[PDB]
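Take a look at the structure set out below.
What's counted below: heavy atoms across the whole structure, side chains too, no hydrogens, waters or symmetry copies. Protein chains get the first letters and strands the later ones, always in sequence-line order, with residue 1 at the start of each.
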Amino acid sequence: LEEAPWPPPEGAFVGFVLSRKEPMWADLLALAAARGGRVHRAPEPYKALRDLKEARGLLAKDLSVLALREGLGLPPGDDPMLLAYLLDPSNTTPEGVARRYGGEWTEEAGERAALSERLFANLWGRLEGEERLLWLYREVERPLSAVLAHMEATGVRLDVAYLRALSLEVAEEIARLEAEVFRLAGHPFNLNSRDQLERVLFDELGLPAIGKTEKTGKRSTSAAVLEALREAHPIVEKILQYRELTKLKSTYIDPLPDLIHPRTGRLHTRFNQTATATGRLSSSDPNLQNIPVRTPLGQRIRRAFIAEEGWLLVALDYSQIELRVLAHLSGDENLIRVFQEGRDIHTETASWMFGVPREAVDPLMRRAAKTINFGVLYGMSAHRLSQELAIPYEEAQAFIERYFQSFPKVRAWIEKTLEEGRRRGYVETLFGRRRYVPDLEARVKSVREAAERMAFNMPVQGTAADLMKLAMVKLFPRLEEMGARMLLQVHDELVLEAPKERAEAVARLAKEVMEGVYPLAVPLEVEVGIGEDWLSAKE
DNA sequence: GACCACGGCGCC
DNA sequence: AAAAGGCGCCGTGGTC
Ligand SMILES: CCN(CC)C(=O)CCC(=O)NCCCN(CCCNC(=O)CCC(=O)N(CC)CC)C(=O)CCC(=O)NCC#Cc1cn([C@H]2C[C@H](O)[C@@H](COP(=O)(O)OP(=O)(O)OP(=O)(O)O)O2)c(=O)[nH]c1=O
Ligand SMILES: [Mg+2]
Ligand SMILES: [Mg+2]
């Protein structure tokens with residue numbers, strides 16, 4: 001390409017090199033743009049950012065987040081990553097996409113700019129005639145990248161002092177547990193080492209091994225195994241408590257406080273847009289889509305996520321979203337009727353599980369019940385279910401008969417979906433988002449049937465993901481005009497931040513946007529709460 | 001210091 | 001652990 005002085009003409013593709021992958025933390029080392037057989041290299045990248053109207057090219061969202069961090073309103077535009085991801089969601093990295101569609105991902109901005117231009121041309125070509133994928137690109141993914149950029153640069157407020165204090169308290173409790181574990185073993189060892197624990201439980205103490213690990217066939221010490229052994233030796237309960245506490249402390253309590261950004265004073269995640277097989281987003285660095293919520297200590301941690309002073313958090317969560325999607329995709333009259341009547345399948349199952357009436361099902365019971373509902377829907381075995389519910393195998397097998405019989409046209413949809421996947425080599429969401437599942441023709445049964453479970457889960461999980469993304473795209477500009485903020489997405493949930501005066505109006509508005517995103521054969525219901533912290537906001 | 005594979009486990 | 005699916009991060013163990 002012909003070397004040409006900065007700045008580039010408008011519509012040029014950008015290339016850029018960060019000192020580290022996280023755009024809120026990165027130094028912009030270099031910046032370039034490419035168009036019309038030219039390549040322009042910015043003498044000083046930060047200053048050159050101001051000359052661009054739009055970030056167009058590979059990882060456009062990351063450069064846009066960096067720009068917002070610097071006070072520049074630079075929105076992301078076309079990104080070949082989004083084109084490739086729609087063509088095949090195993091296209092998750094620029095290294096791979098480059099190799100697959102016409103170049104190499106190097107460490108030089110000018111080369112990355114040229115690459116973006118070339119790859120865009122080629123991938124755009126491949127999407128011609130693919131009208132549904134085109135609609136997903138233009139109406140969903142592309143605008144969604146702009147929304148994600150704002151969410152990332154905005155961040156979420158965290159009560160750091162609270163977490164610091166919590167750490168010291170959990171440390172003492174952890175020591176109480178580990179000391180007792182060592183007393184019971186008769187000697188200390190690295191309790192964090194599942195290999196050392198394996199030998200203590202199964203070789204030294206006389207406990208029966210229950211299961212083996214997947215890759216290396218060691219005797220497993222997983223929570224499920226320990227659960228089954230909870231009454232064979234008092235050390236087992238202590239170990240389970242130890243695991244709970246150390247998991248929460250090492251993953252959330254200790255790391256999160258150290259990740260507060262000096263400029264914003266908030267915590268900033270990344271919402272990865274080309275990272276999953278089904279079309280869901282993922283979150284990393286840190287992952288804010290797996291903040292604890294179940295146990296007492298977990299809830300204490302979620303309480304650390306708080307609203308700016310003068311603001312409130314608003315949490316909105318789609319009700320039984322994948323069951324409703326299933327009703328629509330399958331067209332099952334019984335299931336559709338359930339939602340037209342306003343029934344709650346999770347409460348109902350929770351009612352059967354704990355042997356209480358529906359009004360007796362508390363939040364944590366209902367939670368347990370959804371693991372069972374989706375567990376079964378997506379192929380859980382009779383054997384496993386009996387083990388979890390701690391009931392006879394015959395009771396577990398029975399529950400699964402009744403489950404699929406109540407909703408007769410589901411299996412038809414599953415069989416239709418699997419046959420279709422075998423022929424085309426891929427399955428599809430409602431909107432035509434694709435996932436290739438070649439192992440549907442595998443000759444090994446365990447491999448083939450695992451593939452089948454992935455394949456028929458995908459249209460359901462993926463449609464739910466399409467709906468939520470579309471909702472985010474419609475909702476974002478409405479929040480901007482009300483002076484509220486979109487902060488996080490957790491798959492079928494959004495967390496917004498609104499000024500106190502407008503929080504009620506924002507909650508109502510967001511609820512309606514989410515419910516009316518794309519009407520289905522059953523209503524979509526959204527549960528909404530308002531609060532000073534994330535736990536309170538989910539009520 | 002960093003990379004991986006693994007087991008394990010937090011959320012949806 | 002097991003015929004639920006989708007993720008990312010932790011510490012260990014082994015390298016490099
Ligand atoms: C090989 C087979 N293998 C391997 C593992 C598996 O198949 C893998 C599965 C997996 O990887 N791990 C398994 C589950 C692990 N455990 C717990 C561990 C167990 N230890 C205890 O219980 C201890 C008890 C305890 O301490 N105490 C307190 C001390 C009490 C319990 C959790 O996830 C914990 C967290 C949790 O349950 N959070 C709920 C959940 C969930 C799921 C969601 N979805 C999809 C559809 C939904 O529609 C959509 C939206 O979700 P959501 O909005 O929520 O639901 P709805 O929209 O439908 O309903 P409403 O919005 O109306 O309410 O997402 C799934 O596909 N599967 C799901 O499980
Ligand atoms: Mg939900
Ligand atoms: Mg949810």
What nitrogen or oxygen pairs link the protein and nucleotides 13-16 of chain C at under 3.5 Å?
unit_1 : atom_1 : unit_2   : atom_2 : d
C:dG13 : OP1    : A:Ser193 : OG     : 2.5
C:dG13 : OP1    : A:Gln196 : NE2    : 3.1

Please give, in whole Å, the distance from [N] [atom2] to [X] [atom1]?
X        : N      : atom1 : atom2 : value
A:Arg280 : C:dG5  : CZ    : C1'   : 8 Å
A:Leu297 : B:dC11 : CG    : P     : 11 Å
A:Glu178 : C:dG11 : CD    : P     : 14 Å
A:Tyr242 : B:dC9  : OH    : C1'   : 15 Å
A:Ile174 : C:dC10 : CD1   : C1'   : 13 Å
A:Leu259 : C:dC10 : CG    : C1'   : 14 Å
A:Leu226 : B:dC9  : CG    : P     : 7 Å
A:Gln299 : B:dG10 : CD    : P     : 14 Å

**Report entry** From A:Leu245 atom CG to A:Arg243 atom CZ, the distance as rounded to the nearest 0.5 Å
**Finding:**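 The CG atom of A:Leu245 sits 13.0 Å away from the CZ atom of A:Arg243.
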**Report entry** Spatial distance of atom CD1 (A:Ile253) from atom OG (A:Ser167) [nearest 0.5 Å]
**Finding:**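 Here the interatomic distance stands at 6.5 Å.
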Would you indicate which nucleotide in [options] comes nearest to any side-chain atom of [X]?
X        : options              : value
A:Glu388 : C:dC9, C:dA2, C:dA4  : C:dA2
A:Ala275 : C:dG5, C:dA4, C:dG8  : C:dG8
A:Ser250 : C:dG8, C:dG11, C:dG5 : C:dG11
A:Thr216 : B:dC6, C:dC9, C:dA1  : B:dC6
A:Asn457 : C:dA1, C:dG6, B:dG10 : C:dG6
A:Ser222 : C:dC9, B:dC9, C:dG5  : B:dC9
A:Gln387 : C:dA2, B:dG8, C:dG6  : C:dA2
A:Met454 : C:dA4, B:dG10, C:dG5 : C:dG5
A:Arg453 : B:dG7, B:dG10, C:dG5 : C:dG5
A:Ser282 : B:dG8, C:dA1, C:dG8  : C:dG8

Can you find a side chain N or O atom of [X] that sits less than 4.0 Å from OP1 or OP2 on [N]?
X        : N      : result
A:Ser446 : C:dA3  : no
A:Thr278 : C:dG6  : no
A:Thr371 : C:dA4  : no
A:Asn192 : C:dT12 : yes
A:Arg294 : B:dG10 : yes
A:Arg384 : C:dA3  : no
A:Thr221 : B:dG8  : yes
A:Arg435 : C:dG6  : yes

Query - Ring center gap for A:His187 and A:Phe182 short of 6.0 angstrom - result: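 No, ring centres 6.0 Å or more apart.
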Query - A:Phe339-A:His328 aromatic ring centre distance below 6.0 Å - result: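 Centroid distance A:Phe339-A:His328: not below 6.0 Å, so no.
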Query - The single option from A:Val513, A:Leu136, A:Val517 passing side chain to side chain contact (heavy atoms under 4.5 Å, CB included) against A:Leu470 - result: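 It is A:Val517; the other options fail the test.
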Query raised in the report: Given A:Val236, which of A:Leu184, A:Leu205, A:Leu207 fulfils the side chain to side chain contact (heavy atoms under 4.5 Å, CB included) condition?
Result: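 Testing each of A:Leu184, A:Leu205, A:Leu207 against A:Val236, the sole residue satisfying side chain to side chain contact (heavy atoms under 4.5 Å, CB included) is A:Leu207.
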Query - Nearest-nucleotide comparison on DNA chain C, the residue closer to the 5′ end among A:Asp285 and A:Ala382 - result: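 Nearest-nucleotide comparison on DNA chain C picks A:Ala382.
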Query - Closest-nucleotide ordering on DNA chain C, the 5'-leading residue of A:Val225 and A:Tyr378 - result: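 That would be A:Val225.
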Please classify the sugar of [N] as north or south using the torsion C1'-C2'-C3'-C4'.
N      : answer
C:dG13 : south
C:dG11 : south
C:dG14 : south
B:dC9  : south

**Report entry** side-chain contact (heavy atoms from CB on, under 4.5 Å) involving A:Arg20 - partner list, sequence neighbours excluded
**Finding:**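 Testing A:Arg20 for side-chain contact (heavy atoms from CB on, under 4.5 Å), a comparison that skips the adjacent residues, returns A:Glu22, A:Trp25, A:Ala26.
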Report task. Kindly write out the residues that satisfy side-chain contact (heavy atoms from CB on, under 4.5 Å) with A:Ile391, not counting sequence neighbours, or none if the list is empty. Result ->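 Counting only residues at least two positions away or on another chain, A:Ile391 forms a side-chain contact (heavy atoms from CB on, under 4.5 Å) with A:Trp352, A:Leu389, A:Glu395.
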Query raised in the report: Touch check for A:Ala209, heavy atoms < 4.0 angstrom, all strands: base, sugar-phosphate only, or nothing?
Result: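 Contact class for A:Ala209: none.
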Report task. Using a 4.0 Å heavy-atom cut-off across all strands, classify A:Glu452 as base, sugar-phosphate, or nothing. Result ->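 The residue A:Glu452 makes no contact with any strand.
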Query raised in the report: Just wondering, do A:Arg324 and A:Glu525 contact through their side chains at under 4.5 Å, heavy atoms?
Result: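 Answer yes - side chains close enough.
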Requested in this report: Determine the interatomic distance between P on B:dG7 and the same-named atom on C:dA2; round to the nearest Å.
Outcome: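 One P to the other, the span is 11 Å.
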**Report entry** Between B:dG8 and C:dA1 - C1' atom distance, rounded Å
**Finding:**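 Roughly 12 Å separates the two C1' atoms.
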Requested in this report: Spell out yes or no: do the side chain of A:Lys247 and the base of B:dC9 have one donor N/O and one acceptor N/O closer than 3.5 Å?
Outcome: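 Counting by modelled atom types and ignoring angles, a donor-acceptor contact under 3.5 Å is found here.
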Query raised in the report: What is the minimum heavy-atom distance between A:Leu467 and A:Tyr318, and which atoms define it?
Result: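 Minimum heavy-atom contact is O-OH, 4.3 Å.
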